[PDB]
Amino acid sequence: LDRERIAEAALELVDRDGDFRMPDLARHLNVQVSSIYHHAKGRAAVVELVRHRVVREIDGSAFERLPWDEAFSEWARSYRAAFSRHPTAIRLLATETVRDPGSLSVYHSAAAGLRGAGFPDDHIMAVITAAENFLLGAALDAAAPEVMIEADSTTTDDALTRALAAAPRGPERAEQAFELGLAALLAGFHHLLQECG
């Protein structure tokens, strides 16, 4: 029983149900809640351990090594991949305040990278949050069925039929939308930067 084993069991419960309760977590660790509190004080601390375990693969330090848009793209891909492994954890983690030191570090890196690029301070958090909104959505879409829209029509030339026939099939469907949306957002952010001088 250390922090890593608590984080593990908690994420397992969150994977199954979308949330966890302290006594049930203790049961699955064969301990009393007491024992958990010695490693992590309260629910908020256990949520941050869950967050830590999900986001471990996300490297923010790419912002120190690459131009902002290339770093943004590496960071975005890692973020998608991390959350797409735990789609049932997305609601919980998107709606609890971030305090995990590891996560705060990633934020520190993205903020410094975007400042370095010329994004004004009053825009930096919105840029990062706009990107995260898209990425949590794309993580859900990567966990979704490969066919997400099934239309029952007799028409062959309407716009929806045509668009659905001309789109990628399989895992490529979600990948196409993710790549196009990422490129569109980066183009938008580049525009923001031109406007700022």
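Residue indices: 1-based, along the sequence shown.
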Quiz item: So 133 to 141 or 34 to 42, which one's hotter by mean CA B-factor in the entry?
Solution: 34 to 42
Quiz item: In terms of the CA temperature factor given in the entry, to which third of its chain does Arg21 belong: lowest, middle or highest?
Solution: middle
Quiz item: Thinking about Cα B factors across the chain, which third does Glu74 belong to?
Solution: lowest
Quiz prompt | Within-chain third of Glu64 by Cα B-factor, per the entry | solution = middle
Quiz item: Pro120: which third of its chain by C-alpha temperature factor?
Solution: highest
Quiz item: Looking at the C-alpha B-factor of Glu146, is it in the lowest, middle or highest third of its chain?
Solution: middle
